[PDB]
file input-v6.pdb (PDB, C-alpha atoms (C1' of nucleotides))
ATOM      1  CA  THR B   1       0.000   0.000   0.000  1.00  0.00           C
ATOM      2  CA  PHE B   2       2.708   2.456   1.077  1.00  0.00           C
ATOM      3  CA  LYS B   3       6.193   2.435  -0.457  1.00  0.00           C
ATOM      4  CA  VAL B   4       9.331   4.600  -0.412  1.00  0.00           C
ATOM      5  CA  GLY B   5       9.977   7.413  -2.880  1.00  0.00           C
ATOM      6  CA  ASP B   6       6.301   7.985  -3.705  1.00  0.00           C
ATOM      7  CA  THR B   7       4.038  10.918  -2.810  1.00  0.00           C
ATOM      8  CA  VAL B   8       0.982  10.903  -0.533  1.00  0.00           C
ATOM      9  CA  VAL B   9      -1.225  13.835   0.481  1.00  0.00           C
ATOM     10  CA  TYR B  10      -1.597  14.756   4.162  1.00  0.00           C
ATOM     11  CA  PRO B  11      -4.510  16.793   5.573  1.00  0.00           C
ATOM     12  CA  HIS B  12      -3.987  20.455   6.528  1.00  0.00           C
ATOM     13  CA  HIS B  13      -0.522  20.404   4.901  1.00  0.00           C
ATOM     14  CA  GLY B  14      -0.941  19.489   1.220  1.00  0.00           C
ATOM     15  CA  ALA B  15       0.931  16.880  -0.765  1.00  0.00           C
ATOM     16  CA  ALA B  16       4.265  15.566   0.491  1.00  0.00           C
ATOM     17  CA  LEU B  17       6.957  13.018  -0.341  1.00  0.00           C
ATOM     18  CA  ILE B  18       8.027  10.048   1.779  1.00  0.00           C
ATOM     19  CA  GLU B  19      11.691  10.016   2.795  1.00  0.00           C
ATOM     20  CA  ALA B  20      12.178   6.539   4.296  1.00  0.00           C
ATOM     21  CA  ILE B  21      10.688   4.022   6.746  1.00  0.00           C
ATOM     22  CA  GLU B  22      11.787   3.985  10.418  1.00  0.00           C
ATOM     23  CA  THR B  23      11.131   1.459  13.262  1.00  0.00           C
ATOM     24  CA  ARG B  24      10.226   3.969  16.041  1.00  0.00           C
ATOM     25  CA  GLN B  25       8.448   2.459  19.097  1.00  0.00           C
ATOM     26  CA  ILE B  26       5.788   4.569  20.925  1.00  0.00           C
ATOM     27  CA  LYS B  27       4.691   3.750  24.538  1.00  0.00           C
ATOM     28  CA  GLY B  28       7.199   0.837  24.453  1.00  0.00           C
ATOM     29  CA  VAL B  29       5.317  -0.772  21.510  1.00  0.00           C
ATOM     30  CA  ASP B  30       7.166  -1.253  18.167  1.00  0.00           C
ATOM     31  CA  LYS B  31       5.298   0.329  15.196  1.00  0.00           C
ATOM     32  CA  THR B  32       5.924   0.508  11.406  1.00  0.00           C
ATOM     33  CA  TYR B  33       6.602   4.280  11.525  1.00  0.00           C
ATOM     34  CA  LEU B  34       6.583   6.164   8.223  1.00  0.00           C
ATOM     35  CA  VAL B  35       8.214   9.595   7.975  1.00  0.00           C
ATOM     36  CA  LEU B  36       7.478  12.317   5.428  1.00  0.00           C
ATOM     37  CA  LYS B  37       8.018  16.064   5.195  1.00  0.00           C
ATOM     38  CA  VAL B  38       6.756  19.043   3.205  1.00  0.00           C
ATOM     39  CA  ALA B  39       8.588  22.106   1.893  1.00  0.00           C
ATOM     40  CA  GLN B  40       5.868  24.555   2.983  1.00  0.00           C
ATOM     41  CA  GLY B  41       5.945  24.358   6.782  1.00  0.00           C
ATOM     42  CA  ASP B  42       9.426  22.772   6.966  1.00  0.00           C
ATOM     43  CA  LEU B  43       8.106  20.099   9.331  1.00  0.00           C
ATOM     44  CA  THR B  44       8.480  16.318   9.422  1.00  0.00           C
ATOM     45  CA  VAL B  45       5.406  14.133   9.971  1.00  0.00           C
ATOM     46  CA  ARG B  46       5.799  10.640  11.453  1.00  0.00           C
ATOM     47  CA  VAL B  47       2.735   8.398  11.093  1.00  0.00           C
ATOM     48  CA  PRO B  48       2.615   4.606  11.601  1.00  0.00           C
ATOM     49  CA  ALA B  49       1.221   2.455   8.812  1.00  0.00           C
ATOM     50  CA  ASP B  50      -1.307   0.611  11.003  1.00  0.00           C
ATOM     51  CA  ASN B  51      -3.347   3.755  11.751  1.00  0.00           C
ATOM     52  CA  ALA B  52      -2.619   5.478   8.422  1.00  0.00           C
ATOM     53  CA  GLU B  53      -6.205   4.933   7.279  1.00  0.00           C
ATOM     54  CA  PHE B  54      -7.436   5.974  10.732  1.00  0.00           C
ATOM     55  CA  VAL B  55      -5.501   9.256  10.819  1.00  0.00           C
ATOM     56  CA  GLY B  56      -6.811  10.018   7.327  1.00  0.00           C
ATOM     57  CA  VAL B  57      -4.054   9.868   4.720  1.00  0.00           C
ATOM     58  CA  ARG B  58      -4.943   9.420   1.050  1.00  0.00           C
ATOM     59  CA  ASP B  59      -2.951   8.322  -1.979  1.00  0.00           C
ATOM     60  CA  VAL B  60      -2.555  10.409  -5.125  1.00  0.00           C
ATOM     61  CA  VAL B  61      -5.629  10.194  -7.350  1.00  0.00           C
ATOM     62  CA  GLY B  62      -4.815   9.553 -11.032  1.00  0.00           C
ATOM     63  CA  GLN B  63      -6.761  10.533 -14.205  1.00  0.00           C
ATOM     64  CA  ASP B  64     -10.171  10.058 -12.486  1.00  0.00           C
ATOM     65  CA  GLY B  65      -9.346  12.973 -10.135  1.00  0.00           C
ATOM     66  CA  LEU B  66      -9.004  15.867 -12.625  1.00  0.00           C
ATOM     67  CA  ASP B  67     -12.221  15.104 -14.609  1.00  0.00           C
ATOM     68  CA  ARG B  68     -14.475  14.998 -11.489  1.00  0.00           C
ATOM     69  CA  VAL B  69     -12.852  18.130  -9.926  1.00  0.00           C
ATOM     70  CA  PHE B  70     -13.310  20.052 -13.229  1.00  0.00           C
ATOM     71  CA  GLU B  71     -16.960  18.866 -13.502  1.00  0.00           C
ATOM     72  CA  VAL B  72     -17.804  20.035  -9.918  1.00  0.00           C
ATOM     73  CA  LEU B  73     -15.737  23.236 -10.494  1.00  0.00           C
ATOM     74  CA  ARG B  74     -18.319  24.112 -13.152  1.00  0.00           C
ATOM     75  CA  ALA B  75     -21.496  22.806 -11.488  1.00  0.00           C
ATOM     76  CA  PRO B  76     -24.239  25.480 -11.612  1.00  0.00           C
ATOM     77  CA  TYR B  77     -27.278  26.062  -9.358  1.00  0.00           C
ATOM     78  CA  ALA B  78     -25.200  26.296  -6.177  1.00  0.00           C
ATOM     79  CA  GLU B  79     -27.116  27.776  -3.242  1.00  0.00           C
ATOM     80  CA  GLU B  80     -26.136  28.846   0.271  1.00  0.00           C
ATOM     81  CA  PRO B  81     -28.111  30.081   3.298  1.00  0.00           C
ATOM     82  CA  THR B  82     -28.688  33.822   3.552  1.00  0.00           C
ATOM     83  CA  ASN B  83     -27.129  34.023   7.021  1.00  0.00           C
ATOM     84  CA  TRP B  84     -23.339  34.161   6.784  1.00  0.00           C
ATOM     85  CA  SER B  85     -22.870  32.466  10.174  1.00  0.00           C
ATOM     86  CA  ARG B  86     -24.031  29.025   9.001  1.00  0.00           C
ATOM     87  CA  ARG B  87     -21.816  29.186   5.903  1.00  0.00           C
ATOM     88  CA  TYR B  88     -18.925  30.392   8.073  1.00  0.00           C
ATOM     89  CA  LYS B  89     -19.422  27.409  10.389  1.00  0.00           C
ATOM     90  CA  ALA B  90     -19.725  25.033   7.425  1.00  0.00           C
ATOM     91  CA  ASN B  91     -16.721  26.097   5.329  1.00  0.00           C
ATOM     92  CA  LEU B  92     -13.997  25.206   7.841  1.00  0.00           C
ATOM     93  CA  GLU B  93     -15.721  21.887   8.569  1.00  0.00           C
ATOM     94  CA  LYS B  94     -15.730  21.100   4.843  1.00  0.00           C
ATOM     95  CA  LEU B  95     -12.064  22.142   4.670  1.00  0.00           C
ATOM     96  CA  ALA B  96     -11.244  19.810   7.580  1.00  0.00           C
ATOM     97  CA  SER B  97     -13.177  17.002   5.866  1.00  0.00           C
ATOM     98  CA  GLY B  98     -10.199  16.678   3.517  1.00  0.00           C
ATOM     99  CA  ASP B  99     -12.076  15.695   0.356  1.00  0.00           C
ATOM    100  CA  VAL B 100     -10.719  17.128  -2.893  1.00  0.00           C
ATOM    101  CA  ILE B 101     -14.227  17.491  -4.333  1.00  0.00           C
ATOM    102  CA  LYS B 102     -15.538  19.209  -1.190  1.00  0.00           C
ATOM    103  CA  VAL B 103     -12.701  21.730  -1.057  1.00  0.00           C
ATOM    104  CA  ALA B 104     -13.286  22.237  -4.795  1.00  0.00           C
ATOM    105  CA  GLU B 105     -16.830  23.540  -4.379  1.00  0.00           C
ATOM    106  CA  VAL B 106     -15.733  25.387  -1.220  1.00  0.00           C
ATOM    107  CA  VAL B 107     -13.058  27.350  -3.079  1.00  0.00           C
ATOM    108  CA  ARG B 108     -15.313  27.870  -6.113  1.00  0.00           C
ATOM    109  CA  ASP B 109     -18.078  29.325  -3.932  1.00  0.00           C
ATOM    110  CA  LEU B 110     -15.561  31.434  -1.995  1.00  0.00           C
ATOM    111  CA  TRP B 111     -14.001  32.795  -5.198  1.00  0.00           C
ATOM    112  CA  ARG B 112     -17.342  33.645  -6.806  1.00  0.00           C
ATOM    113  CA  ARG B 113     -18.683  35.359  -3.672  1.00  0.00           C
ATOM    114  CA  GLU B 114     -15.402  37.247  -3.241  1.00  0.00           C
ATOM    115  CA  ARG B 115     -15.544  38.484  -6.835  1.00  0.00           C
ATOM    116  CA  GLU B 116     -19.251  39.368  -6.885  1.00  0.00           C
ATOM    117  CA  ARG B 117     -19.337  41.368  -3.636  1.00  0.00           C
ATOM    118  CA  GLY B 118     -15.876  41.679  -2.107  1.00  0.00           C
ATOM    119  CA  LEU B 119     -16.693  40.296   1.345  1.00  0.00           C
ATOM    120  CA  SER B 120     -13.669  41.179   3.506  1.00  0.00           C
ATOM    121  CA  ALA B 121      -9.941  40.588   3.946  1.00  0.00           C
ATOM    122  CA  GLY B 122     -10.057  38.370   7.043  1.00  0.00           C
ATOM    123  CA  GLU B 123     -11.472  35.439   5.068  1.00  0.00           C
ATOM    124  CA  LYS B 124      -8.840  36.032   2.364  1.00  0.00           C
ATOM    125  CA  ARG B 125      -6.252  34.334   4.599  1.00  0.00           C
ATOM    126  CA  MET B 126      -8.032  30.977   4.624  1.00  0.00           C
ATOM    127  CA  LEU B 127      -9.059  31.500   0.989  1.00  0.00           C
ATOM    128  CA  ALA B 128      -5.377  31.779   0.035  1.00  0.00           C
ATOM    129  CA  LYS B 129      -4.552  28.812   2.283  1.00  0.00           C
ATOM    130  CA  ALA B 130      -7.184  26.685   0.525  1.00  0.00           C
ATOM    131  CA  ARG B 131      -5.930  27.818  -2.891  1.00  0.00           C
ATOM    132  CA  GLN B 132      -2.351  26.933  -1.925  1.00  0.00           C
ATOM    133  CA  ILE B 133      -3.258  23.485  -0.602  1.00  0.00           C
ATOM    134  CA  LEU B 134      -5.358  22.671  -3.683  1.00  0.00           C
ATOM    135  CA  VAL B 135      -2.625  23.776  -6.089  1.00  0.00           C
ATOM    136  CA  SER B 136      -0.150  21.683  -4.082  1.00  0.00           C
ATOM    137  CA  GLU B 137      -2.515  18.696  -4.288  1.00  0.00           C
ATOM    138  CA  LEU B 138      -3.172  18.960  -8.054  1.00  0.00           C
ATOM    139  CA  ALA B 139       0.618  19.288  -8.541  1.00  0.00           C
ATOM    140  CA  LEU B 140       0.877  15.451  -8.606  1.00  0.00           C
ATOM    141  CA  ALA B 141      -2.834  14.623  -9.189  1.00  0.00           C
ATOM    142  CA  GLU B 142      -3.049  16.414 -12.593  1.00  0.00           C
ATOM    143  CA  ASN B 143       0.700  15.893 -13.409  1.00  0.00           C
ATOM    144  CA  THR B 144       1.091  19.726 -13.647  1.00  0.00           C
ATOM    145  CA  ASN B 145       3.095  21.427 -10.838  1.00  0.00           C
ATOM    146  CA  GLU B 146       4.218  24.879  -9.524  1.00  0.00           C
ATOM    147  CA  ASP B 147       3.545  27.754 -12.003  1.00  0.00           C
ATOM    148  CA  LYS B 148       2.054  25.306 -14.576  1.00  0.00           C
ATOM    149  CA  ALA B 149      -0.470  24.041 -11.956  1.00  0.00           C
ATOM    150  CA  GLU B 150      -1.407  27.668 -11.068  1.00  0.00           C
ATOM    151  CA  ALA B 151      -1.620  28.562 -14.802  1.00  0.00           C
ATOM    152  CA  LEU B 152      -4.091  25.717 -15.602  1.00  0.00           C
ATOM    153  CA  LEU B 153      -6.630  27.134 -13.073  1.00  0.00           C
ATOM    154  CA  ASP B 154      -6.261  30.693 -14.552  1.00  0.00           C
ATOM    155  CA  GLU B 155      -8.492  29.732 -17.515  1.00  0.00           C
ATOM    156  CA  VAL B 156     -10.877  27.082 -16.112  1.00  0.00           C
ATOM    157  CA  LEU B 157     -12.191  28.845 -12.986  1.00  0.00           C
ATOM    158  CA  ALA B 158     -14.711  30.975 -14.913  1.00  0.00           C
TER     159      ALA B 158
ATOM    160  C1'  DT V   1     -15.665  40.845  84.511  1.00  0.00           C
ATOM    161  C1'  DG V   2     -10.516  40.875  84.574  1.00  0.00           C
ATOM    162  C1'  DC V   3      -6.939  38.937  82.366  1.00  0.00           C
ATOM    163  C1'  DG V   4      -3.243  38.669  78.639  1.00  0.00           C
ATOM    164  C1'  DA V   5      -2.191  37.900  74.097  1.00  0.00           C
ATOM    165  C1'  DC V   6      -3.493  37.668  69.652  1.00  0.00           C
ATOM    166  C1'  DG V   7      -4.733  40.248  66.453  1.00  0.00           C
ATOM    167  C1'  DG V   8      -5.554  43.934  62.908  1.00  0.00           C
ATOM    168  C1'  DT V   9      -4.640  48.694  62.117  1.00  0.00           C
ATOM    169  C1'  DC V  10      -2.133  52.551  61.344  1.00  0.00           C
ATOM    170  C1'  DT V  11       1.139  56.200  60.968  1.00  0.00           C
ATOM    171  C1'  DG V  12       5.880  58.241  59.538  1.00  0.00           C
ATOM    172  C1'  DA V  13      10.359  56.668  58.513  1.00  0.00           C
ATOM    173  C1'  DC V  14      16.119  64.730  58.116  1.00  0.00           C
ATOM    174  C1'  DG V  15      16.625  67.707  53.078  1.00  0.00           C
ATOM    175  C1'  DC V  16      17.055  69.944  48.224  1.00  0.00           C
ATOM    176  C1'  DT V  17      19.641  69.000  43.398  1.00  0.00           C
ATOM    177  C1'  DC V  18      23.972  67.706  39.612  1.00  0.00           C
ATOM    178  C1'  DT V  19      21.302  63.479  38.075  1.00  0.00           C
ATOM    179  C1'  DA V  20      15.427  62.416  36.043  1.00  0.00           C
ATOM    180  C1'  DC V  21      12.566  57.193  32.185  1.00  0.00           C
ATOM    181  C1'  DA V  22      10.068  54.311  30.367  1.00  0.00           C
ATOM    182  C1'  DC V  23       6.570  50.646  29.972  1.00  0.00           C
ATOM    183  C1'  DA V  24       4.053  44.423  26.322  1.00  0.00           C
ATOM    184  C1'  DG V  25      -0.260  37.168  25.648  1.00  0.00           C
ATOM    185  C1'  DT V  26      -6.938  34.878  22.767  1.00  0.00           C
ATOM    186  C1'  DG V  27     -14.206  36.724  16.570  1.00  0.00           C
ATOM    187  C1'  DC V  28     -17.214  38.627  12.836  1.00  0.00           C
ATOM    188  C1'  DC V  29     -20.487  40.809   9.295  1.00  0.00           C
ATOM    189  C1'  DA V  30     -24.824  42.671   7.775  1.00  0.00           C
ATOM    190  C1'  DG V  31     -28.556  46.394   8.262  1.00  0.00           C
ATOM    191  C1'  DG V  32     -29.723  51.098   9.399  1.00  0.00           C
ATOM    192  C1'  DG V  33     -29.886  56.259  11.104  1.00  0.00           C
ATOM    193  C1'  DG V  34     -26.814  61.011  11.059  1.00  0.00           C
ATOM    194  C1'  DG V  35     -23.938  64.400   9.237  1.00  0.00           C
ATOM    195  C1'  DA V  36     -20.436  65.977   7.558  1.00  0.00           C
ATOM    196  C1'  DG V  37     -19.372  66.985   2.786  1.00  0.00           C
ATOM    197  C1'  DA V  38     -20.426  68.167  -2.811  1.00  0.00           C
ATOM    198  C1'  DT V  39     -24.146  70.050  -6.532  1.00  0.00           C
ATOM    199  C1'  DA V  40     -27.291  73.258  -8.953  1.00  0.00           C
ATOM    200  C1'  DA V  41     -30.765  76.299  -8.220  1.00  0.00           C
ATOM    201  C1'  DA V  42     -32.676  80.455  -6.153  1.00  0.00           C
ATOM    202  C1'  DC V  43     -34.022  85.178  -3.277  1.00  0.00           C
ATOM    203  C1'  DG V  44     -32.112  89.462  -2.797  1.00  0.00           C
ATOM    204  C1'  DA V  45     -29.377  93.436  -3.498  1.00  0.00           C
ATOM    205  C1'  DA V  46     -25.953  96.258  -5.792  1.00  0.00           C
ATOM    206  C1'  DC V  47     -22.905  96.954  -9.402  1.00  0.00           C
ATOM    207  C1'  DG V  48     -22.381  98.122 -14.278  1.00  0.00           C
ATOM    208  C1'  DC V  49     -24.169 100.128 -18.542  1.00  0.00           C
ATOM    209  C1'  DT V  50     -27.106 103.227 -21.372  1.00  0.00           C
ATOM    210  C1'  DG V  51     -25.200 107.712 -22.601  1.00  0.00           C
ATOM    211  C1'  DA V  52     -28.148 111.539 -21.141  1.00  0.00           C
ATOM    212  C1'  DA V  53     -28.399 115.846 -18.820  1.00  0.00           C
ATOM    213  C1'  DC V  54     -26.917 120.248 -15.949  1.00  0.00           C
ATOM    214  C1'  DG V  55     -23.665 123.838 -16.631  1.00  0.00           C
ATOM    215  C1'  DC V  56     -19.495 125.961 -16.839  1.00  0.00           C
ATOM    216  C1'  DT V  57     -15.302 128.170 -19.459  1.00  0.00           C
ATOM    217  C1'  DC V  58     -14.373 128.285 -23.728  1.00  0.00           C
ATOM    218  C1'  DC V  59     -12.138 129.637 -28.817  1.00  0.00           C
ATOM    219  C1'  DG V  60     -15.014 131.401 -31.938  1.00  0.00           C
ATOM    220  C1'  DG V  61     -16.927 132.880 -36.550  1.00  0.00           C
TER     221       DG V  61
END
call {"tool": "encode", "arguments": {"input": "input-v6.pdb", "output": "structure tokens"}}
result
Amino acid sequence: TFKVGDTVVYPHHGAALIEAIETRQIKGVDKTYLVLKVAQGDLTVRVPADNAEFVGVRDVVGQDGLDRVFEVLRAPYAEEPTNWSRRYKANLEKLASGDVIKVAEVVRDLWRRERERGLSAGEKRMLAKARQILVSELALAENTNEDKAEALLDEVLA
DNA sequence: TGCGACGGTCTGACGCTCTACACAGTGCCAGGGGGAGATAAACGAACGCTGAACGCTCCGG
């Protein structure tokens, strides 16, 4: 399931690459510890393989991923409650859900409501964070990375 | 009640000046009533314009 030299995406940090496999023991119990790091936060994440599905790691989605994200990115008839408090409580929960599709409609709704009205600048921080984590994710998912990954969105978001 | 002691309470604790200085860890947006501030009009008065008019010294045929 998990190998060395491949890339897997971690929640709240974007995609990352696996360095090697260690044999660290926690609470005196030996575990198959896997270590990986990201270049954004400059932090190393150590997660055992037994609870990898429990902690919520996902592998890189192949061709199936881009077509479904593009289709949802353009889905019309999207509605939200009039009160901003319910949407404010829902957006971070959907971000913490970790689904690529879910964060796709979240960022599409956020971008369209930011362009149509210009809400505020406080929400722009998490908007930019979501944009950064999605462009880091689609770096390996769509096989386009860095500036090329950012460029592809520039003409498909409208 | 008389006793001590235990306790809180309270006060200052000589004097200026050469010198002398400043001060920090936890939300957010929409709707709505005032008032300053730009716009064009408007009430009122006087400020110009029309040369005209009152009246003198005037060079004058």
call {"tool": "resolve_selection", "arguments": {"input": "input-v6.pdb", "expression": "the PyMOL selection byres ((chain V and resi 23-36) around 12)", "output": "list in words"}}
result
residues 82, 83, 84, 85, 88, 89, 119, 120, 121, 122 and 123 of chain B; 21, 22, 37 and 38 of chain V
call {"tool": "residues_around", "arguments": {"input": "input-v6.pdb", "residues": "segment 124-133 of chain B", "least_positions_apart": "5", "cutoff": "8 Å", "atoms": "all atoms listed in the file", "output": "mmCIF file with C-alpha atoms, in the coordinates of the input"}}
result
data_model
loop_
_atom_site.group_PDB
_atom_site.id
_atom_site.type_symbol
_atom_site.label_atom_id
_atom_site.label_comp_id
_atom_site.auth_asym_id
_atom_site.auth_seq_id
_atom_site.Cartn_x
_atom_site.Cartn_y
_atom_site.Cartn_z
ATOM 1 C CA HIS B 12 -3.987 20.455 6.528
ATOM 2 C CA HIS B 13 -0.522 20.404 4.901
ATOM 3 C CA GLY B 14 -0.941 19.489 1.220
ATOM 4 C CA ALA B 15 0.931 16.880 -0.765
ATOM 5 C CA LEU B 95 -12.064 22.142 4.670
ATOM 6 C CA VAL B 103 -12.701 21.730 -1.057
ATOM 7 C CA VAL B 107 -13.058 27.350 -3.079
ATOM 8 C CA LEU B 110 -15.561 31.434 -1.995
#
call {"tool": "resolve_selection", "arguments": {"input": "input-v6.pdb", "expression": "the PyMOL selection byres ((chain B and resi 76) around 12)", "output": "MDAnalysis selection string"}}
result
chainID B and resid 71:75 77:79 105 108:109 112 158
call {"tool": "write_last_selection", "arguments": {"input": "input-v6.pdb", "atoms": "C-alpha atoms", "output": "PDB file, in the frame of the given file"}}
result
ATOM      1  CA  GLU B  71     -16.960  18.866 -13.502  1.00  0.00           C
ATOM      2  CA  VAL B  72     -17.804  20.035  -9.918  1.00  0.00           C
ATOM      3  CA  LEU B  73     -15.737  23.236 -10.494  1.00  0.00           C
ATOM      4  CA  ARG B  74     -18.319  24.112 -13.152  1.00  0.00           C
ATOM      5  CA  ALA B  75     -21.496  22.806 -11.488  1.00  0.00           C
ATOM      6  CA  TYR B  77     -27.278  26.062  -9.358  1.00  0.00           C
ATOM      7  CA  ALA B  78     -25.200  26.296  -6.177  1.00  0.00           C
ATOM      8  CA  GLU B  79     -27.116  27.776  -3.242  1.00  0.00           C
ATOM      9  CA  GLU B 105     -16.830  23.540  -4.379  1.00  0.00           C
ATOM     10  CA  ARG B 108     -15.313  27.870  -6.113  1.00  0.00           C
ATOM     11  CA  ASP B 109     -18.078  29.325  -3.932  1.00  0.00           C
ATOM     12  CA  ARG B 112     -17.342  33.645  -6.806  1.00  0.00           C
ATOM     13  CA  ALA B 158     -14.711  30.975 -14.913  1.00  0.00           C
TER      14      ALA B 158
END
call {"tool": "resolve_selection", "arguments": {"input": "input-v6.pdb", "expression": "the PyMOL selection byres ((chain B and resi 54-68) around 9)", "output": "list in words"}}
result
residues 2, 7, 8, 9, 10, 11, 15, 47, 50, 51, 52, 53, 69, 70, 71, 72, 73, 98, 100, 101, 137, 138, 140, 141, 142 and 143 of chain B
call {"tool": "atom_distance", "arguments": {"input": "input-v6.pdb", "atom1": "atom CA of residue 23 of chain B", "atom2": "atom CA of residue 1 of chain B"}}
result
17.4 Å
call {"tool": "atom_distance", "arguments": {"input": "input-v6.pdb", "atom1": "atom CA of residue 22 of chain B", "atom2": "atom CA of residue 45 of chain B"}}
result
12.0 Å
call {"tool": "axis_aligned_box", "arguments": {"input": "input-v6.pdb", "around": "segment 13-31 of chain V", "padding_each_side": "4 Å", "output": "lines of an AutoDock Vina configuration file"}}
result
center_x = -2.3
center_y = 52.4
center_z = 33.1
size_x = 60.5
size_y = 43.1
size_z = 58.7
call {"tool": "residues_around", "arguments": {"input": "input-v6.pdb", "residues": "residue 148 of chain B", "least_positions_apart": "6", "cutoff": "10 Å", "atoms": "all atoms listed in the file", "output": "list in words"}}
result
residues 135, 139 and 154 of chain B
call {"tool": "atom_distance", "arguments": {"input": "input-v6.pdb", "atom1": "atom CA of residue 4 of chain B", "atom2": "atom CA of residue 97 of chain B"}}
result
26.5 Å
